[PDB]
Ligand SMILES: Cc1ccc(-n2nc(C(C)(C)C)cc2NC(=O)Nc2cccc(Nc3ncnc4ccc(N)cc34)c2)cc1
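One chain is shown next in structure tokens, namely the form solved without this ligand.
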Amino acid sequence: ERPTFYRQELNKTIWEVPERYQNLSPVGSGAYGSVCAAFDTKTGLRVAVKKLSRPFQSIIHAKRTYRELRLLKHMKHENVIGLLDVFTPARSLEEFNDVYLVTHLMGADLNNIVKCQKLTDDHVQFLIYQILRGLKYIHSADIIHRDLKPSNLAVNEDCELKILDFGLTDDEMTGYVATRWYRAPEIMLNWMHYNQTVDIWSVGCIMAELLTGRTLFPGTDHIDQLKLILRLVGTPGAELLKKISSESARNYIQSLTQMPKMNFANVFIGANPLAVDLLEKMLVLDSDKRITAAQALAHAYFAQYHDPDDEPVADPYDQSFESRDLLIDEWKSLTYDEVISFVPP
């Protein structure tokens, strides 16, 4: 059942893939590996074929490679980037070295959408609706995205959306950078263990922006960002304070001049009041009191799209491997096993 593979060198990289993938075209690269756009003659879609570079260079890499493959194979939802195929030209574990992932190619991320046009409220309900729909699925499996942002949301000409490369160095989070602007404060300052409510905070930031055309919390750094946040939602109370482990963070938080939550109706002037209500429920300083993806889908803002019968949950995702210490060669074997055992949808 092994498909026939064919080799070729495109932009200094050798690609050895099944013949079902045609017209490969280099669409970029990075620290992760090279990526080609291709015509998948089986599904008929335009796909992204990524060749992982040195997936087993070290224990840490070998694990990351395994983790991403595991996460991609699990996701089966219209609003979440799923795995269309995974392969290696190797005929055995001894020859196993390169890994290729095939995912659907959506076109552009949310950032590129907003650059080309001005989104109506109807566009925003639909886009947030889909994000929440995919998040309910993700969360039902006890999986946290961890780094939801406009660049991690692919959209197409029909406004359909899919959540991309989930959270898998802080340097990328320093300064006036977008990569940190959508992060819940409790994880930004390592105040506590992050749970899925961290994603709901990212959604509020994104929805606010789509409504105003402006970044909700464009901090010049972590502290500046924290002040922009506390200013909007108020400084912490005693109940939220007890939940912060670090005695230093508490002392710091208690040093700030206390402020009340601002009126969201006067921040998001002219926005649909339902959207304003929902944002107040998403941007709650205490993560335990944030609205859940499931609860949010049922909020009146989404009445035109909500359908409790077309908002599926996922099968349990087993992440026991996360707390497992193995050698590079063992992680590689596990990875190999996941590849050859892949079953097309």
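Residues carry their position along the shown sequence, with the first being 1. So that the term is clear: the rigid core is the largest set of C-alpha atoms that superpose within 1.5 Å between two forms.
From this point on, the text means the form deposited with this ligand bound, which you will not see here.
Site status: blocked, since this ligand, placed here by C-alpha superposition from its pose in the deposited bound form, has 3 or more atoms within 2.4 Å of backbone or C-beta atoms. Contact with this ligand in the deposited bound form, judged by any heavy atom within 4.5 Å, is made by just one of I206, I200, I138, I131: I138. Of the candidates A293, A314, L279, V35, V35 is the one whose heavy atoms come within 4.5 Å of this ligand in the deposited bound form; the others do not. Not one of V267, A271 and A275 is positioned with any heavy atom within 4.5 Å of this ligand in the deposited bound form.
This ligand in the deposited bound form is not approached by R54, whose heavy atoms all lie more than 4.5 angstroms from it. In the deposited bound form, this ligand lies farther than 4.5 Å from every heavy atom of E78. Remark: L45 does not count among the residues lining this ligand in the deposited bound form, judged by a heavy atom distance of 4.5 Å or less.
Contact annotation for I59: none of its heavy atoms lies within 4.5 Å of this ligand in the deposited bound form.
Contact annotation for 53 to 86: residues with any non-hydrogen atom within 4.5 angstroms of this ligand in the deposited bound form are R64, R67, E68, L71, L72, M75, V80, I81, listed in sequence order.
Once both forms are overlaid on the rigid core, the distance between the two CA positions of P26 between the shown form and the other one is 2 angstroms or more. Taking the rigid core as fixed, one finds a CA shift for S53 of 2 Å or more between the shown form and the other one. When the rigid core is held fixed, the Cα atom of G44 travels 2 angstroms or more between the shown form and the other one. In the deposited bound form, the CA atoms of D310 and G44 move farther apart by at least 3 angstroms compared with the shown structure. In the deposited bound form, the Cα atoms of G33 and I144 sit 3 Å or more nearer to each other than they do here.
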